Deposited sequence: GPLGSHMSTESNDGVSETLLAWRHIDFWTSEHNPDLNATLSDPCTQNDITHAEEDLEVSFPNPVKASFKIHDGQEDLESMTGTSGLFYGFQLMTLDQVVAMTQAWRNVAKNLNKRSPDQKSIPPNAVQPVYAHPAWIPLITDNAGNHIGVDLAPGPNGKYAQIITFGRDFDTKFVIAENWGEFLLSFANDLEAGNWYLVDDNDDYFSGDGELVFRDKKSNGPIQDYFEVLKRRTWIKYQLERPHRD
């Protein structure tokens, strides 16, 4: 049940922020998935979705537009999670210099059948949940992985924390509509526009570095 409260609160904030500032994006958030949909998907993949991820799916089954919520990155429907997990499984089955940050938190591999993608940049890169952590990682940690992520990053301890940190970016004013496309900018620093994966990665890196003095 860890991350469950955060998931619920994050979606409240994201539902409410999008309905004020970006109604077009709000109208892309799908209806909940049923427990049946979720059972069928766990069955197809032979996994248990962690509690915060299942709670997120029972609020919105991804996004469908008749673009991406996470500063241009799309929240995937349960159908896309299944299809895309199976495509990564076909690749893990065959054939690059792979790293983890923090070191040994994430397996240093291109692909793993237990890495469940939940967000896509639609260019082969993902944020997802890691169901087979490295020795210093945590089960159901949130990671980056895919085509151009030689270095995997642990970006949150669970999916609820991930969603809540995105919801607080919105609430801190860290955004720009170019409604227009939603991009990220550090408001406090009057900062330049940035790719949100670079922002996530720098945050994970800085936090790792700042904990290093505690022995």
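In sequence order, the gaps in C-alpha coverage of the deposited chain fall at 1 to 11, 78 to 83, 113 to 116, 200 to 208, 246.
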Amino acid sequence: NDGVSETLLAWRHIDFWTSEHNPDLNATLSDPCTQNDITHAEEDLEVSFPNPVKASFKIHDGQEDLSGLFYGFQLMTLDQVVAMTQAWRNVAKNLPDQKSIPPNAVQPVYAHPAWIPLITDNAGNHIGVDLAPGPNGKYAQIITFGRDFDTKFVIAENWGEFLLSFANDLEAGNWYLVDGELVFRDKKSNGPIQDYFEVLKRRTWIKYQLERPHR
From here on, numbers count along this sequence of modelled residues.
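Averaged over Cα atoms, the B-factor as recorded in the entry is higher for 181 to 189 than for the other of 181 to 189 and 163 to 171. For the segment pair 86 to 94 and 71 to 79, the entry gives 86 to 94 the higher mean B-factor, averaged over Cα atoms. When the CA B factors of the chain's modelled residues are split into thirds, the value for residue 123 lands in the highest one. Ranked within its chain, residue 1 lands in the highest third, by CA B factor from the PDB record. The deposited CA B-factor of residue 176 belongs to the highest third of values across its chain. Per-chain ranking of the deposited C-alpha B factor places residue 32 in the highest third.
The entry lists a Cα temperature factor for residue 66 that places it in the highest third of the chain's modelled residues.
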